[PDB]
Amino acid sequence: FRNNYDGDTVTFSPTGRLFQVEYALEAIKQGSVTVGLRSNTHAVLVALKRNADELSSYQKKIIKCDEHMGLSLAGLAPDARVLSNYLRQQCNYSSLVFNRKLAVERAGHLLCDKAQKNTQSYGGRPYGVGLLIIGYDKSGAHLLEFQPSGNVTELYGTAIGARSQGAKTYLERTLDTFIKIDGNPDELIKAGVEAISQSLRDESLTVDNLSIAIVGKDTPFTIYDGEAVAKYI
Amino acid sequence: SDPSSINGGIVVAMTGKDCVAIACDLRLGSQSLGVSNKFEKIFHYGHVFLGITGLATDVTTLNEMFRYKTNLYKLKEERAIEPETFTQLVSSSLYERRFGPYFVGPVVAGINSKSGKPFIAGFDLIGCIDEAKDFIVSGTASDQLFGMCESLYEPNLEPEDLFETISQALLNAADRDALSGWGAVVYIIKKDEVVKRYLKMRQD
Amino acid sequence: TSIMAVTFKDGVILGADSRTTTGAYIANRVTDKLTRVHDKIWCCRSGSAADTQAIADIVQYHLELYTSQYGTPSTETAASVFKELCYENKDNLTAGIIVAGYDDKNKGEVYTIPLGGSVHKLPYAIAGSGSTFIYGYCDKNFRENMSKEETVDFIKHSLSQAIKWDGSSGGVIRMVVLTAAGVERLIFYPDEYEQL
Amino acid sequence: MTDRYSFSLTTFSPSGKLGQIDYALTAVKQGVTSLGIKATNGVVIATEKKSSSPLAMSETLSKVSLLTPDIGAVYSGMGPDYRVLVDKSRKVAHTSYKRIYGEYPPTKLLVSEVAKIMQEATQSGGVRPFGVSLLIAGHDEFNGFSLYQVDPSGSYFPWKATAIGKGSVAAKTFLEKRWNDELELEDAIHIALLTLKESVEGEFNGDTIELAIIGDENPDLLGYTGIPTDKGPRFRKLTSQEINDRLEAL
Amino acid sequence: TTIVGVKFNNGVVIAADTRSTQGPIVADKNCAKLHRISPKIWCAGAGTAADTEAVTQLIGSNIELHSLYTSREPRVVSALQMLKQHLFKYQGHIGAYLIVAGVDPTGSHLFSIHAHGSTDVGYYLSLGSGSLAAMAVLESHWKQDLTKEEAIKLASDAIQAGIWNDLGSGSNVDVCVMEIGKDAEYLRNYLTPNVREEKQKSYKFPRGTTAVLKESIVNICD
Amino acid sequence: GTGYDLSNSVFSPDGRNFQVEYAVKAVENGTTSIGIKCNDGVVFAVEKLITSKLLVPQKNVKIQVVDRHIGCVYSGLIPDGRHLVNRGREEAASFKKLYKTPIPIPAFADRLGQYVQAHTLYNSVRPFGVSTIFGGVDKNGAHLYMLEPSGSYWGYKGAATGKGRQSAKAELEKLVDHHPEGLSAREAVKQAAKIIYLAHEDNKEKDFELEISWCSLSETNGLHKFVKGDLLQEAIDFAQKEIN
Amino acid sequence: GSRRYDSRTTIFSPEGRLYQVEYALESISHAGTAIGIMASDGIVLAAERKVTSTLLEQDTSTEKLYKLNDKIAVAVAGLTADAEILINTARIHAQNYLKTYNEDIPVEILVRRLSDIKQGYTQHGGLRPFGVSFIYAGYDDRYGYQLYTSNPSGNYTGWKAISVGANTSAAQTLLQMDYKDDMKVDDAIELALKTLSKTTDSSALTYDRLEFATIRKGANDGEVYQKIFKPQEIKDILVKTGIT
Amino acid sequence: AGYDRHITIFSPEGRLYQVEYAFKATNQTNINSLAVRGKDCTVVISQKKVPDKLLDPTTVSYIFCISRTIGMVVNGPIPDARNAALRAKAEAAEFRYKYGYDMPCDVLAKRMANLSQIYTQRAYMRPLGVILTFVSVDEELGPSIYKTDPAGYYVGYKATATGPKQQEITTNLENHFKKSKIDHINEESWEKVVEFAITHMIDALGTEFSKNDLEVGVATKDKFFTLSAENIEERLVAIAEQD
Ligand SMILES: */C1=C\C(=O)NCC[C@H](O)C[C@H](NC(=O)[C@@H](NC(=O)/C=C/C=C/CCCCCCC)[C@@H](C)O)C(=O)N[C@H]1C
């Protein structure tokens, strides 16, 4: 069965599935957990940085795309680079040409279409990364979840990566609470760190292991690492 | 400035009784300066002859080109090309460069191996064909050659007479042209033999 | 050249002289500057003969294909294709085109495409070398919704004058009537319009 | 999109055969019979118009085509492949010869051109060979009359007479018997009609047989007069009537 | 050059002079300006000789291939569209001025194409340097419903108007008749009104007059 | 033999294109969406499954507009659907640019049709995993259409596709019979909200959000617009009522 | 994609061999035999016409001996059609060399270019190799008489005597048995005919099944001459060598 | 090796399976069609089966207007039908533009046929699952019927039929002509030829038709048009008042 229909993305299985795309999605589940959640004033990202040895470093999980937008990744780091870099150009094109900040909703549409192209033509390969994009534009704070399939969704919060379901449930539960954390970032960040620690198991989040990103009303998307995330662990 | 008048030289072809003649001068100069007195402008591919006046570099180029073409032609057609066909080849070869032509004035002469008929023809720089039954002229002293031929010439001359006539036309024409002269050669073609003679003329 | 198109109660009428000159020599004295691009969409050609003929032939091709696929094209559309060709190639074209067509819903319509390649929709429009001499006349005699006769007369007079003054015009005056009734060709000779 | 078949679809087998060229030839074998015979003053080529429905009008179709005013062709194999090859052949005779020398190519060379087309269809990327074989007949001033056969492989050879298609084997044998180097054109036409009769099952008349000859110049078929050297086409397809009249003296 | 076109009751006829030139020198005293596009579609051409010849052949070649493909006689409007579209493509750089005519399944036709690509249609036309001389004769004698003989006369005279009065024209008259039902008839050198008078003396030189320096035989056999 | 379902342009021995058929599987498995052609326009409705309370309400919009007078809604692989719309948008712009007149719904249909049909011709491309219902108002009326992954499309009075594809087709046929004289835009909206609620029973497991848009000559000026606020709540109730 | 039907005509076998080349050679092995014998005062080329008939026009035929230049010729073994594509590009290369340098192309130079072309199809392009092997027989003033051989692989080598096509092992042995350096052209001509006569798969060796060519320097001239024998010529020489 | 059944290359028997399987797809619509020649008009009849009630019957058709004078009827799936139609329309327009006269029905056929022959030889191009019937009243040939298939083959006919029950329709007409001895329907008006067409359709298929079970196209001198439900209804009644 599946063996005869997963040799490439230009083939449909008899049940209408695209395995190559599905295997890609797998790369994400194999990736380190990361969480995203927003209120009406701020949008936050919390990521668990993974490392190789104890002599190595903890690979970055969060990338800034512009002063009002950014994303965290789970999966093939090289692909996140390619995609976030493409998102940076699009943010840039909007500024230069229209002197307009690229809306998160639109960034999402752009991503979706770019991903899609790699799932209908011979020779390509789906992207093997998942992205959580936060940003503050003309219509407030936003959170998007990008999957290699091409599906981009707008949520109040979510998590992707290994053991992500733990955090996702916690958020799904805490919803009515955090969605109202307005005018207070430190609180939204805590609800963030808590939700993510709901997907821990192996260890406990440390200072050079945790990574936080925050964007909002009067807050330009900024990243926090090490000592900076101390006051939250 | 005018390409067809940098090097100089002239060519003339005539038809006689079961024979054709073609002659040219031997000058090759650069404006007023004479450089070579051995630059012949007549070539042949099989029994077909081709005279080429104009910008020397193009005169050389076209010769190398028609050698090349007539060669492959013989290899595929398994026979030597005829005057009539060669004319067509020359014409299309030239018009091929219609918008940046070779600055030359080709003259074709020969007897059709199959029909025994004499044949001569002239071309302008872009391939226009002129197939006369009497004579074709070309070169910096073409006006002179025209006056010389239109007078001297008469039909069915014998190989021995045609020689005198074409030599007189060439010589006296060249002597009124500062860019022609410095020697000359004359070819007399019959269905069996071809005689090449060099003429004695002024060297000024 | 003197050309014009006038709309009226029943539709529209196109008129033109028949002179095409190359210098002071009248190359053709019986020219037809009234070209058909569709059943009831025609045009008046001024400017380079080669340029307008080539543009016309292209528009006709496009409208024939437009039809096959989406049915009958509007007069406004035929004007658009003309305008597209004219504007996009403005630097290698010398064509002044008047587009007139008969619609059942819009009745008569006239579009003029001047040298720049811009488009102008009007009740009537004149163009060509001789058109300059009859600007004042036409402005003073045109009236909206005239009858076929009043219009065939407005055009016959206007063009007789243009031909009178402009040496680049002359020959016979040709007309084309476009209405629900169909397509009618008209011709008037010197002997007639000269003494008006 | 974009033809991603940039590799050969015809390759070598361990035995040393070229499958597709072989299979292609198989298709030629299956096709209707067609033959050719060279006389001393002409050549003739013929085949059978195997109508594919009594509702179809076999006149609206030519198995015997004109390549140049002095060269005709006929085949055996796949009709559509022949059709496009005839167009290509007529074009190449112009683009690669008449437009350069101002004269139509000589049989062998035009034949050589066609062969090249087929050969490439044997090695170029993403294509199958041509499923037909051609019997090309013509005449040129320096070579006289000739008859060549071109195979899907791209090979070709000259023949005094030959046949291809269904009953080729039988037909060939019959021809080897009747042919000689003293035949007049009419004789060959007769022999042709005879040879053809064997391969024909059903009806055999001017409406089921298609035959053409490369004989003398038909000035009457020129269309204009006033140019001595232009004498008219040598290629002439016979009419339904012309055929029957001979079928009686068969 | 002087070329003309005249339609008559059952066909069309085209004529031309036979003089070719470069500046004021006569290049060819008898060249052919009448071109065959197809058996019954002939084109007369003025302008740059090599261009009318070349453009004539090209379209001629394509019309033949087209004819063969469609299994239909060539149409004059086909030659007219292929010609004009070619000339227009070249912005006028191909100096061809042509009067194309002939008969086909749809009747008899007469057109003219200018180097820039515009085309005209009519019962009589002329192009070339003799253009005006000819047109003067046509505007003076053309009448509706001419017979094949009247048309040839008219055409022939119009060409003569050019030979005599135009310095760019001369020598002979070439005619081509295309009648609706018959084969087109090409009449090369229909008129030869300029035969040179016999020369006053023979210039045959006495052998040995020319001084030679060297001599030898040439090898042609490979 | 077999394996006639591994390459996208291959004909099976019975003349089918399995890859295309499999594409349809992707469709049938998607959310249900419908189109109702009223007397002077068309209405589009779609089912939006609430996979969780985390999805922001009224956000992830499905229905798309082409130009200003065309509406599109599809079932199946969403990304594939946007890709199709994006092509329609350029397809429309190209048409308007040269002909000035906004593209006729019929012409637009074939533009989409030829495009989709083209993805079933080569094995280097995959067929579209979506069936699309689209339409609008033009020079002569309103038109409703549905395009299949095979490239096939026809004009409809009513149309549906997706999971609840059969409940809907049943309901739509009822409307046709009980309105031989036509349905108004106002009515088509409510009648649409109901059909979605009913077709949602083949997915009754997950909760859902409704989405409707209409293009009516008298209601929207021949322009495409989403039904929001009040008129929407009203149709929501009209359905909630007849669902019980 | 298309990768499915790709034969990969350009890869190595685990034994470091090129399948296609190998197989193409296998093809050549069934081709008419061709021999090239190089004497002190000339070179001889002879080949056996594969498949003949009473009806085959032999005077107009040529399926193995082709003239490339005035001083170079080749005998072919393999696909005639393939051979021609290569034969023509060689004739051109010959002419270009002349046009550029104003000197006749050295035999080896022409051979190397032709062999490089073959080598190409062996390393890139996904195309099949040319099913052809050549025996080049030419003369130049830098090496005099030369005999070369090239095959599908793109390799070429020089020989005193050599054969290609069918029954090469048998032909080579017979040649290797009676070839002597001080040989003369007519000697070579005989050795040639005799060798074929013993390898022929046919009953007898008749003229109608042969092609013959010699590159000699007729003393009464001083220039090398190519002579491709006519049917009546092969027939004569056949009787003389004592094969009647 | 067994892929000689997936792309268009030869099988050992010298056959092209993909071409054959394409032919198979033509009968997919389960619709028959037929064309006959009048004295100076050409008529094409085709079944029309609009089963769904949600469909807008007016939009269903396998008859196309290629040009002012050429009509084409397609036997096969609609997406391939429309692809073929568009290509034909373009080829039509372009031919006019380049040669200055309307493309003749036979020529357009030959052009589409050659186009198909290509998909037969090129591996990346699949054939089209459709048979094309072109009709018109050529200014030189008169009433014409030319049909092309996925094989790249085409020819002209006195009349022809296509579809699942093609053979029944064929033998029917075959007999009619064996009888009449002439190659057309000796009728002046087209309505009578349309009626003849519909009649023999009924006789061969052994079925009665309503005004929504057919689709008719007519080609006359300088125009090809299709009939409306009513135009047919009126034509149907006429044959009724004869039986
Ligand atoms: C008709 C005569 C006529 O109509 N008008 C008179 C002038 C006419 O042009 C003369 C013409 N003469 C020739 O054609 C001659 N050859 C040439 O003129 C060649 C010109 C070449 C130009 C090449 C430079 C190209 C630069 C391109 C840059 C992009 C003679 C030798 O044939 C003539 O006689 N016309 C007759 C038919």
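Per Swiss-Prot, chain G residues shown: 2-245, in order.
Note that Cβ sites are derived from N, Cα and C of the backbone, with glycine treated the same way.
According to Swiss-Prot, of the candidate residues G:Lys68, G:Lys100, G:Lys218, G:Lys236, the site noted as ubiquitin cross-link is G:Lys100. For the residues G:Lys119, G:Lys199, Swiss-Prot attaches the annotation ubiquitin cross-link to G:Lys199, which does not rule out the feature elsewhere. Contacting chain E by the Cβ rule (under 8 Å between Cβ atoms), the recorded sites G:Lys100, G:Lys199, G:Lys231 reduce to an empty set. A 10 Å cutoff on Cβ-Cβ distances gives G:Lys231 (ubiquitin cross-link) a total of 13 other Cβ atoms nearby, all chains included. Secondary structure from DSSP puts G:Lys199 (ubiquitin cross-link) in a helix.
Between G:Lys199 (ubiquitin cross-link) and G:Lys100 (ubiquitin cross-link), the C-alpha separation comes to 44 Å.
Annotated pair G:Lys100 (ubiquitin cross-link) and G:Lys231 (ubiquitin cross-link), C-alpha to C-alpha distance, rounded: 32 Å. By a Cβ separation below 8 angstroms, chain B lies close to these of the recorded sites G:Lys100, G:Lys199, G:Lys231: G:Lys100.
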